[PDB]
file model.csv (CSV, C-alpha atoms)
chain,number,residue,atom,x,y,z
O,140,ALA,CA,-132.1,-47.1,-73.1
O,141,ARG,CA,-135.5,-48.8,-72.7
O,142,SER,CA,-134.7,-49.7,-69.1
O,143,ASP,CA,-133.8,-46.1,-68.3
O,144,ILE,CA,-137.0,-44.8,-70.0
O,145,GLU,CA,-139.1,-47.2,-68.0
O,146,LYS,CA,-137.4,-46.0,-64.8
O,147,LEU,CA,-138.0,-42.3,-65.6
O,148,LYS,CA,-141.7,-43.2,-66.4
O,149,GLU,CA,-142.1,-45.0,-63.0
O,150,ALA,CA,-140.4,-42.1,-61.1
O,151,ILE,CA,-142.8,-39.6,-62.6
O,152,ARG,CA,-145.7,-41.9,-61.8
O,153,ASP,CA,-144.6,-41.8,-58.2
O,154,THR,CA,-144.1,-38.0,-58.2
O,155,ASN,CA,-147.6,-37.7,-59.7
O,156,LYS,CA,-149.0,-39.9,-56.7
O,157,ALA,CA,-147.1,-37.5,-54.3
O,158,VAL,CA,-148.9,-34.5,-55.9
O,159,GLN,CA,-152.2,-36.3,-55.7
O,160,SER,CA,-151.7,-36.9,-52.0
O,161,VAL,CA,-150.9,-33.2,-51.6
O,162,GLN,CA,-154.1,-32.4,-53.6
O,163,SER,CA,-156.1,-34.5,-51.0
O,164,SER,CA,-154.4,-32.6,-48.2
O,165,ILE,CA,-155.3,-29.2,-49.7
O,166,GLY,CA,-158.9,-30.3,-50.2
O,167,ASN,CA,-159.2,-31.1,-46.5
O,168,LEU,CA,-157.4,-27.9,-45.6
O,169,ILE,CA,-160.2,-26.1,-47.5
O,170,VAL,CA,-162.8,-28.0,-45.4
O,171,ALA,CA,-161.0,-27.1,-42.2
O,172,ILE,CA,-160.7,-23.3,-43.0
O,173,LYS,CA,-164.3,-23.2,-44.3
O,174,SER,CA,-165.3,-24.8,-40.9
O,175,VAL,CA,-163.5,-21.9,-39.0
O,176,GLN,CA,-165.1,-19.4,-41.4
O,177,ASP,CA,-168.7,-20.8,-40.8
O,178,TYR,CA,-168.1,-20.7,-37.0
O,179,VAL,CA,-166.9,-17.1,-37.0
O,180,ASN,CA,-169.7,-16.0,-39.4
O,181,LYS,CA,-172.5,-17.8,-37.4
O,182,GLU,CA,-171.4,-17.7,-33.8
O,183,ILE,CA,-168.8,-14.9,-33.2
O,184,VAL,CA,-169.8,-12.1,-35.5
O,185,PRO,CA,-173.4,-11.9,-34.2
O,186,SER,CA,-172.1,-12.3,-30.6
O,187,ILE,CA,-170.0,-9.1,-31.1
O,188,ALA,CA,-172.9,-7.3,-32.9
O,189,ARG,CA,-175.1,-8.2,-29.9
H,140,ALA,CA,-129.4,-40.4,-75.4
H,141,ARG,CA,-127.5,-40.6,-72.2
H,142,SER,CA,-127.4,-36.8,-71.9
H,143,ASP,CA,-131.1,-36.5,-72.4
H,144,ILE,CA,-131.8,-39.2,-69.8
H,145,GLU,CA,-129.6,-37.4,-67.3
H,146,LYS,CA,-131.4,-34.1,-67.9
H,147,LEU,CA,-134.8,-35.8,-67.4
H,148,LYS,CA,-133.5,-37.4,-64.2
H,149,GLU,CA,-132.3,-34.0,-62.9
H,150,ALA,CA,-135.5,-32.2,-63.9
H,151,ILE,CA,-137.5,-34.8,-61.9
H,152,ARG,CA,-135.2,-34.4,-59.0
H,153,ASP,CA,-135.9,-30.7,-59.0
H,154,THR,CA,-139.7,-31.3,-59.3
H,155,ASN,CA,-139.4,-33.7,-56.3
H,156,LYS,CA,-137.6,-30.9,-54.3
H,157,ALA,CA,-140.5,-28.5,-55.3
H,158,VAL,CA,-143.0,-31.1,-53.9
H,159,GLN,CA,-141.0,-31.5,-50.7
H,160,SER,CA,-141.1,-27.7,-50.2
H,161,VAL,CA,-144.9,-27.8,-50.7
H,162,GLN,CA,-145.0,-30.7,-48.2
H,163,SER,CA,-143.2,-28.5,-45.6
H,164,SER,CA,-145.7,-25.6,-46.3
H,165,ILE,CA,-148.6,-28.0,-45.7
H,166,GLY,CA,-147.1,-29.2,-42.5
H,167,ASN,CA,-146.9,-25.7,-41.2
H,168,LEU,CA,-150.4,-24.9,-42.4
H,169,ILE,CA,-151.6,-27.8,-40.2
H,170,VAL,CA,-149.8,-26.2,-37.3
H,171,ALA,CA,-151.4,-22.8,-38.0
H,172,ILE,CA,-155.0,-24.2,-38.4
H,173,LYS,CA,-154.5,-26.4,-35.2
H,174,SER,CA,-153.5,-23.2,-33.4
H,175,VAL,CA,-156.7,-21.4,-34.5
H,176,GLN,CA,-158.7,-24.6,-33.5
H,177,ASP,CA,-157.0,-24.8,-30.0
H,178,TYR,CA,-157.8,-21.0,-29.4
H,179,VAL,CA,-161.5,-21.4,-30.4
H,180,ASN,CA,-161.9,-24.6,-28.3
H,181,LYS,CA,-160.2,-23.2,-25.3
H,182,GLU,CA,-161.0,-19.4,-25.2
H,183,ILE,CA,-164.1,-18.7,-27.4
H,184,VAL,CA,-166.3,-21.7,-26.9
H,185,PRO,CA,-166.4,-21.5,-23.1
H,186,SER,CA,-166.8,-17.6,-23.4
H,187,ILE,CA,-170.0,-18.1,-25.4
H,188,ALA,CA,-171.2,-20.9,-23.1
H,189,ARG,CA,-170.6,-18.6,-20.1
T,140,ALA,CA,-135.9,-43.1,-78.4
T,141,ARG,CA,-136.4,-39.5,-79.3
T,142,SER,CA,-140.2,-39.9,-79.2
T,143,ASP,CA,-140.1,-41.4,-75.7
T,144,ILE,CA,-137.8,-38.6,-74.4
T,145,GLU,CA,-140.2,-36.0,-75.8
T,146,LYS,CA,-143.1,-37.7,-74.1
T,147,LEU,CA,-141.2,-37.9,-70.7
T,148,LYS,CA,-140.4,-34.2,-71.1
T,149,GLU,CA,-144.0,-33.3,-71.8
T,150,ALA,CA,-145.2,-35.4,-68.9
T,151,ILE,CA,-142.9,-33.6,-66.5
T,152,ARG,CA,-144.0,-30.2,-67.9
T,153,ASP,CA,-147.6,-31.2,-67.0
T,154,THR,CA,-146.5,-32.4,-63.5
T,155,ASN,CA,-144.7,-29.0,-63.1
T,156,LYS,CA,-148.0,-27.2,-64.0
T,157,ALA,CA,-149.8,-29.3,-61.4
T,158,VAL,CA,-147.3,-28.2,-58.8
T,159,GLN,CA,-147.7,-24.6,-59.8
T,160,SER,CA,-151.4,-24.8,-59.4
T,161,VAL,CA,-150.9,-26.3,-55.9
T,162,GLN,CA,-148.4,-23.4,-55.2
T,163,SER,CA,-151.3,-20.9,-56.1
T,164,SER,CA,-153.7,-22.8,-53.8
T,165,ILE,CA,-151.1,-22.6,-50.9
T,166,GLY,CA,-150.6,-18.9,-51.5
T,167,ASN,CA,-154.4,-18.3,-51.1
T,168,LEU,CA,-154.5,-20.6,-48.1
T,169,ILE,CA,-152.0,-18.3,-46.5
T,170,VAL,CA,-154.2,-15.3,-47.3
T,171,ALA,CA,-157.2,-17.1,-45.8
T,172,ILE,CA,-155.4,-18.1,-42.6
T,173,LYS,CA,-153.9,-14.6,-42.2
T,174,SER,CA,-157.5,-13.2,-42.5
T,175,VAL,CA,-158.7,-15.4,-39.6
T,176,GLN,CA,-155.5,-14.4,-37.6
T,177,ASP,CA,-156.1,-10.7,-38.2
T,178,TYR,CA,-159.8,-11.0,-37.2
T,179,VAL,CA,-158.9,-12.9,-34.0
T,180,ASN,CA,-156.1,-10.4,-33.1
T,181,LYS,CA,-158.2,-7.3,-33.8
T,182,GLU,CA,-161.7,-8.3,-32.8
T,183,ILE,CA,-161.8,-11.3,-30.5
T,184,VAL,CA,-158.7,-10.9,-28.3
T,185,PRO,CA,-159.6,-7.3,-27.1
T,186,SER,CA,-163.3,-8.4,-26.7
T,187,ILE,CA,-162.1,-11.1,-24.2
T,188,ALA,CA,-159.6,-8.7,-22.5
T,189,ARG,CA,-162.5,-6.2,-22.1
K,449,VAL,CA,-151.8,-24.9,-26.5
K,450,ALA,CA,-152.6,-22.2,-29.2
K,451,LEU,CA,-149.5,-20.4,-30.5
K,452,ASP,CA,-149.0,-16.8,-29.3
K,453,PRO,CA,-149.3,-14.1,-32.0
K,454,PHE,CA,-145.6,-13.8,-32.5
K,455,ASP,CA,-145.0,-17.6,-33.0
K,456,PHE,CA,-148.1,-17.7,-35.3
K,457,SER,CA,-146.4,-15.0,-37.5
K,458,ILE,CA,-143.2,-17.0,-37.5
K,459,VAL,CA,-145.2,-20.1,-38.8
K,460,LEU,CA,-147.0,-18.1,-41.5
K,461,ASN,CA,-143.6,-16.6,-42.7
K,462,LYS,CA,-142.1,-20.2,-42.8
K,463,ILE,CA,-145.1,-21.3,-45.0
K,464,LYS,CA,-144.5,-18.4,-47.4
K,465,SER,CA,-140.7,-19.0,-47.5
K,466,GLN,CA,-141.1,-22.7,-48.3
K,467,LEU,CA,-143.7,-21.8,-51.0
K,468,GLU,CA,-141.1,-19.4,-52.5
K,469,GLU,CA,-138.4,-22.2,-52.5
K,470,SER,CA,-140.9,-24.6,-54.2
K,471,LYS,CA,-141.4,-22.0,-57.0
K,472,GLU,CA,-137.6,-21.8,-57.5
K,473,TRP,CA,-137.3,-25.6,-57.8
K,474,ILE,CA,-140.0,-25.6,-60.5
K,475,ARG,CA,-138.2,-22.8,-62.4
K,476,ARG,CA,-135.0,-24.9,-62.4
K,477,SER,CA,-136.9,-28.1,-63.5
K,478,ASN,CA,-138.4,-26.2,-66.4
K,479,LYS,CA,-135.0,-24.7,-67.4
K,480,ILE,CA,-133.4,-28.2,-67.5
K,481,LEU,CA,-136.4,-29.5,-69.6
K,482,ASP,CA,-135.8,-26.6,-72.0
K,483,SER,CA,-132.2,-27.8,-72.6
K,484,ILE,CA,-133.2,-31.3,-73.8
I,449,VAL,CA,-157.1,-5.9,-42.3
I,450,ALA,CA,-159.2,-9.2,-42.1
I,451,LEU,CA,-161.1,-9.9,-45.4
I,452,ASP,CA,-164.8,-9.4,-45.3
I,453,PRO,CA,-167.0,-12.5,-45.7
I,454,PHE,CA,-167.6,-12.0,-49.4
I,455,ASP,CA,-163.9,-11.5,-50.2
I,456,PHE,CA,-163.1,-14.6,-47.9
I,457,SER,CA,-165.5,-16.7,-50.1
I,458,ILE,CA,-163.8,-15.4,-53.3
I,459,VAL,CA,-160.4,-16.6,-51.9
I,460,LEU,CA,-161.8,-20.1,-50.8
I,461,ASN,CA,-163.3,-20.6,-54.3
I,462,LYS,CA,-159.9,-19.6,-55.9
I,463,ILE,CA,-158.1,-22.2,-53.7
I,464,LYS,CA,-160.7,-24.8,-54.9
I,465,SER,CA,-160.5,-23.8,-58.6
I,466,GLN,CA,-156.6,-24.0,-58.6
I,467,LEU,CA,-156.8,-27.4,-56.8
I,468,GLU,CA,-159.2,-28.6,-59.7
I,469,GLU,CA,-156.7,-27.3,-62.3
I,470,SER,CA,-153.9,-29.2,-60.5
I,471,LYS,CA,-155.8,-32.4,-60.8
I,472,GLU,CA,-156.3,-31.9,-64.5
I,473,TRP,CA,-152.6,-31.4,-65.1
I,474,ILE,CA,-151.9,-34.7,-63.3
I,475,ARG,CA,-154.4,-36.5,-65.4
I,476,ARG,CA,-152.7,-35.2,-68.5
I,477,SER,CA,-149.3,-36.1,-67.3
I,478,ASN,CA,-150.5,-39.7,-66.5
I,479,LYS,CA,-152.1,-39.9,-70.0
I,480,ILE,CA,-148.8,-39.0,-71.7
I,481,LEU,CA,-146.9,-41.6,-69.5
I,482,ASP,CA,-149.4,-44.2,-70.6
I,483,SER,CA,-148.5,-43.5,-74.3
I,484,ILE,CA,-144.8,-44.3,-73.8
L,449,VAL,CA,-172.5,-25.8,-40.8
L,450,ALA,CA,-169.2,-25.6,-38.9
L,451,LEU,CA,-167.7,-29.1,-38.1
L,452,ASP,CA,-167.9,-30.1,-34.4
L,453,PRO,CA,-164.6,-30.5,-32.6
L,454,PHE,CA,-164.4,-34.2,-33.1
L,455,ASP,CA,-165.0,-34.1,-36.8
L,456,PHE,CA,-162.5,-31.1,-37.1
L,457,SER,CA,-159.9,-33.4,-35.4
L,458,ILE,CA,-160.7,-36.2,-38.0
L,459,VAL,CA,-160.1,-33.8,-40.9
L,460,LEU,CA,-156.8,-32.5,-39.4
L,461,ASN,CA,-155.6,-36.1,-39.0
L,462,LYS,CA,-156.6,-36.9,-42.6
L,463,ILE,CA,-154.6,-33.8,-43.8
L,464,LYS,CA,-151.5,-35.2,-41.9
L,465,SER,CA,-152.0,-38.8,-43.1
L,466,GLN,CA,-152.1,-37.7,-46.7
L,467,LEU,CA,-149.0,-35.4,-46.2
L,468,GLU,CA,-147.2,-38.5,-44.8
L,469,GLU,CA,-148.3,-40.6,-47.9
L,470,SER,CA,-147.0,-37.8,-50.2
L,471,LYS,CA,-143.6,-38.0,-48.5
L,472,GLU,CA,-143.4,-41.7,-49.1
L,473,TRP,CA,-144.2,-41.4,-52.8
L,474,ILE,CA,-141.4,-38.8,-53.2
L,475,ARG,CA,-139.0,-41.2,-51.4
L,476,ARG,CA,-139.9,-43.9,-53.9
L,477,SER,CA,-139.5,-41.6,-56.9
L,478,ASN,CA,-136.0,-40.5,-55.6
L,479,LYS,CA,-135.0,-44.2,-55.1
L,480,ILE,CA,-136.0,-45.1,-58.7
L,481,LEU,CA,-134.1,-42.1,-60.0
L,482,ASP,CA,-131.0,-43.3,-58.0
L,483,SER,CA,-131.2,-46.7,-60.0
L,484,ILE,CA,-130.8,-45.0,-63.4
call {"tool": "encode", "arguments": {"input": "model.csv", "output": "structure tokens"}}
result
Amino acid sequence: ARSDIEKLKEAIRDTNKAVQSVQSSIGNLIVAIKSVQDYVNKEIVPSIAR
Amino acid sequence: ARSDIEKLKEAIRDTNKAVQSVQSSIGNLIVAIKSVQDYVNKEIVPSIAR
Amino acid sequence: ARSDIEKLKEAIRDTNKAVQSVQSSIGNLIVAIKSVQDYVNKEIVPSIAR
Amino acid sequence: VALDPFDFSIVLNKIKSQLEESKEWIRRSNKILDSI
Amino acid sequence: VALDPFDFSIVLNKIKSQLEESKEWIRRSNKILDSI
Amino acid sequence: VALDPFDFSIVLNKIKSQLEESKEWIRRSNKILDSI
């Protein structure tokens, strides 16, 4: 069963890489949402207040 | 150990499906953030400039 | 091969925990985007209309 | 072309529905691992 | 009811904290796979 | 410091590119599982 164990190991390694790419996506989604937040806080909120 | 190998295989298949559903979620989060981007670019930025 | 089966099991358990943490991240990204949506709908859209 | 508020709501509910499906697949994976 | 700026900051930091925990679980999974 | 519209576009395209890489890794994992 050494061959099947090695296949399972390599499949999980690929799944782990899939999760790492999702982790990268989420990190950039944070950057994107923070950008929208900063713009609202700095440009739109004062505009409404004045 | 054939039974345990088959269980490990089916568990990873389920984990892979979990990652695919997260992938769908992220794709729609992009659509949602792009929508907010388009609205800011088209409606709010000119409004401030004029 | 009992030792290798147990290792594969524990690796997939850790990958599953990684996916659960991503699931938590996505849930809070929804909250964050909904917040931006609510603010636009309630404060900016009427402001433009009037 | 920004989504209208209705379509935006449809997209947010789809994100949530897929997140909920993801959690079910993890539960099933964990249940299979418990049977080893 | 839009979150106030403080609460919005709390949510963003929670998203980041959970992303960081996710990366640690992957490191541990990869370490176990290396021991096979 | 909010990103300018160009930089915002770069970030969105990076999110999409990484999502596409993620889908390829899942395809490869599923292909290996099929060979067991």
call {"tool": "residues_around", "arguments": {"input": "model.csv", "residues": "residue 481 (chain L)", "least_positions_apart": "6", "cutoff": "12 Å", "atoms": "all atoms listed in the file", "output": "PyMOL selection string"}}
result
(chain O and resi 142-154) or (chain H and resi 144-153+155) or (chain L and resi 474-475)
call {"tool": "closest_atom_pairs", "arguments": {"input": "model.csv", "of": "chain I", "to": "chain T", "cutoff": "8 Å", "atoms": "only C-alpha atoms", "output": "CSV"}}
result
residue,atom,partner,partner_atom,distance
I:449,CA,T:177,CA,6.4
I:450,CA,T:174,CA,4.4
I:451,CA,T:174,CA,5.7
I:456,CA,T:171,CA,6.7
I:459,CA,T:167,CA,6.3
I:460,CA,T:171,CA,7.4
I:462,CA,T:164,CA,7.3
I:463,CA,T:164,CA,4.4
I:464,CA,T:164,CA,7.4
I:466,CA,T:160,CA,5.3
I:467,CA,T:161,CA,6.1
I:469,CA,T:160,CA,6.5
I:470,CA,T:157,CA,4.2
I:471,CA,T:157,CA,6.8
I:472,CA,T:157,CA,7.7
I:473,CA,T:157,CA,5.1
I:474,CA,T:154,CA,5.9
I:476,CA,T:153,CA,6.7
I:477,CA,T:150,CA,4.5
I:478,CA,T:150,CA,7.2
I:480,CA,T:150,CA,5.8
I:481,CA,T:150,CA,6.5
I:483,CA,T:146,CA,7.9
I:484,CA,T:143,CA,5.8
call {"tool": "atom_distance", "arguments": {"input": "model.csv", "atom1": "CA of residue 465 (chain L)", "atom2": "CA of residue 169 (chain H)"}}
result
11.4 Å
call {"tool": "atom_distance", "arguments": {"input": "model.csv", "atom1": "CA of residue 453 (chain I)", "atom2": "CA of residue 184 (chain O)"}}
result
10.6 Å
call {"tool": "atom_distance", "arguments": {"input": "model.csv", "atom1": "CA of residue 183 (chain T)", "atom2": "CA of residue 454 (chain I)"}}
result
19.8 Å
call {"tool": "decode", "arguments": {"input": "model.csv", "residues": "chain I", "atoms": "C-alpha atoms", "output": "PDB file, in the first residue's frame"}}
result
ATOM      1  CA  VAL I 449     -27.352  49.189  10.116  1.00  0.00           C
ATOM      2  CA  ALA I 450     -23.792  49.909   8.778  1.00  0.00           C
ATOM      3  CA  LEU I 451     -20.991  49.185  11.315  1.00  0.00           C
ATOM      4  CA  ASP I 452     -19.316  52.266  12.801  1.00  0.00           C
ATOM      5  CA  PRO I 453     -15.652  52.744  11.856  1.00  0.00           C
ATOM      6  CA  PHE I 454     -14.371  51.205  15.103  1.00  0.00           C
ATOM      7  CA  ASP I 455     -16.508  48.034  14.740  1.00  0.00           C
ATOM      8  CA  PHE I 456     -15.526  47.819  11.009  1.00  0.00           C
ATOM      9  CA  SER I 457     -11.817  47.845  12.108  1.00  0.00           C
ATOM     10  CA  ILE I 458     -12.564  45.035  14.653  1.00  0.00           C
ATOM     11  CA  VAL I 459     -14.138  42.918  11.825  1.00  0.00           C
ATOM     12  CA  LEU I 460     -11.171  43.521   9.425  1.00  0.00           C
ATOM     13  CA  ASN I 461      -8.664  42.534  12.173  1.00  0.00           C
ATOM     14  CA  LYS I 462     -10.738  39.330  12.860  1.00  0.00           C
ATOM     15  CA  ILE I 463     -10.605  38.449   9.096  1.00  0.00           C
ATOM     16  CA  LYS I 464      -6.782  38.883   9.201  1.00  0.00           C
ATOM     17  CA  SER I 465      -6.359  36.911  12.497  1.00  0.00           C
ATOM     18  CA  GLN I 466      -8.372  33.946  11.079  1.00  0.00           C
ATOM     19  CA  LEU I 467      -6.363  34.065   7.808  1.00  0.00           C
ATOM     20  CA  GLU I 468      -3.148  33.872   9.941  1.00  0.00           C
ATOM     21  CA  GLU I 469      -4.566  30.858  11.921  1.00  0.00           C
ATOM     22  CA  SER I 470      -5.447  29.174   8.555  1.00  0.00           C
ATOM     23  CA  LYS I 471      -1.807  29.533   7.420  1.00  0.00           C
ATOM     24  CA  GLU I 472      -0.574  27.904  10.626  1.00  0.00           C
ATOM     25  CA  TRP I 473      -2.871  24.888  10.159  1.00  0.00           C
ATOM     26  CA  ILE I 474      -1.528  24.405   6.611  1.00  0.00           C
ATOM     27  CA  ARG I 475       2.055  24.566   7.919  1.00  0.00           C
ATOM     28  CA  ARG I 476       1.229  21.853  10.436  1.00  0.00           C
ATOM     29  CA  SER I 477      -0.499  19.675   7.814  1.00  0.00           C
ATOM     30  CA  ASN I 478       2.553  19.982   5.507  1.00  0.00           C
ATOM     31  CA  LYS I 479       4.917  19.107   8.437  1.00  0.00           C
ATOM     32  CA  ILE I 480       2.914  15.892   9.202  1.00  0.00           C
ATOM     33  CA  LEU I 481       2.976  14.924   5.454  1.00  0.00           C
ATOM     34  CA  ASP I 482       6.815  15.409   5.498  1.00  0.00           C
ATOM     35  CA  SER I 483       7.058  12.778   8.353  1.00  0.00           C
ATOM     36  CA  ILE I 484       5.364  10.005   6.279  1.00  0.00           C
TER      37      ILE I 484
END
